[PDB]
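Working notes, beginning with the structure itself.
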Amino acid sequence: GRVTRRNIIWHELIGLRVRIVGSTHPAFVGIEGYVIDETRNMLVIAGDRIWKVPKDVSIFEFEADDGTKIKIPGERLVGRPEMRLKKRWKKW
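End of the sequence shown = 127 in the deposited numbering, gap-free, step of one.
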């Protein structure tokens with residue numbers, strides 16, 4: 036949906052288009068498609084093939100509904116989707 040570099044931390048990822056722009060393994064850079072599932076440590080991407088990729092060693096580029104491109108290390112998205120959503124709540 037309407038994701039930004041700031042809220043992507045808690046925002047759901049399923050349904051967003053994504054591109055692996057970096058990785059500890061060069062063979063996987065270039066994988067693109069829509070996120071069809073997310074677990075604590077993985078992202079399931081549906082491209083030409085269905086890929087299950089680890090968040091910790093990948094750099095993602097997500098596309099927001101308005102076309103905006105968002106690049107963020109996958110390590111920052113580690114954690115179950117429901118758990119990440121708790122980060123939306125701020126305690127000052």
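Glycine is no exception: its CB is placed at the ideal position from the N, C-alpha and C atoms.
(message) Using 9 Å as the threshold, is the C-beta distance between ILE49 and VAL70 below it?
(response) Locating residue 49 in the sequence shown gives position 14, counting from the first residue. Locating residue 70 in the sequence shown gives position 35, counting from the first residue. Result yes, Cβ atoms of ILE49 and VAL70 sit closer than 9 Å.
(request) Closer than 7 Å by C-beta to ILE85: which residues in its own chain qualify, once you throw out the five before and the five after it? Chain order, please. (result) What you label residue 85 is simply residue 50 of the sequence shown in a count that begins at 1. Around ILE85, the same chain offers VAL79 as residues with beta carbons nearer than 7 Å, after the five sequence neighbours per side are excluded.
(request) Could you check if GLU117 is buried or exposed, using at least 16 other CB atoms within 10 Å of its CB as the buried criterion? (result) To locate residue 117, count along the sequence shown from 1; it is residue 82. Counting the other Cβ atoms within 10 Å of the Cβ of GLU117 gives fewer than 16, which makes it exposed.
(request) Report yes if the C-beta distance between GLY36 and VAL53 is below 9 Å; otherwise report no. (result) Looking up residue 36 in the sequence shown gives position 1. Looking up residue 53 in the sequence shown gives position 18. Result no, Cβ atoms of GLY36 and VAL53 do not sit closer than 9 Å.
(message) Tell me the residue span of the beta strand (DSSP E) that contains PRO116.
(response) The count along the sequence shown starts at 1 and reaches residue 116 at position 81. According to the DSSP assignment, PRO116 belongs to no beta strand (DSSP E) but to the alpha helix (DSSP H) extending over 116 to 119.
(message) With the cut-off set at 9 Å, would you say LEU112 and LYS90 are in Cβ contact?
(response) What you label residue 112 is simply residue 77 of the sequence shown in a count that begins at 1. What you label residue 90 is simply residue 55 of the sequence shown in a count that begins at 1. Yes.
(request) Output the distance between the C-alpha atoms of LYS121 and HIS46, rounded to the nearest integer angstrom. (result) As a first step, residue 121 is located in the sequence shown; it is residue number 86 there, counting from the start. As a first step, residue 46 is located in the sequence shown; it is residue number 11 there, counting from the start. When rounded, the distance between both Cα atoms is 10 Å.
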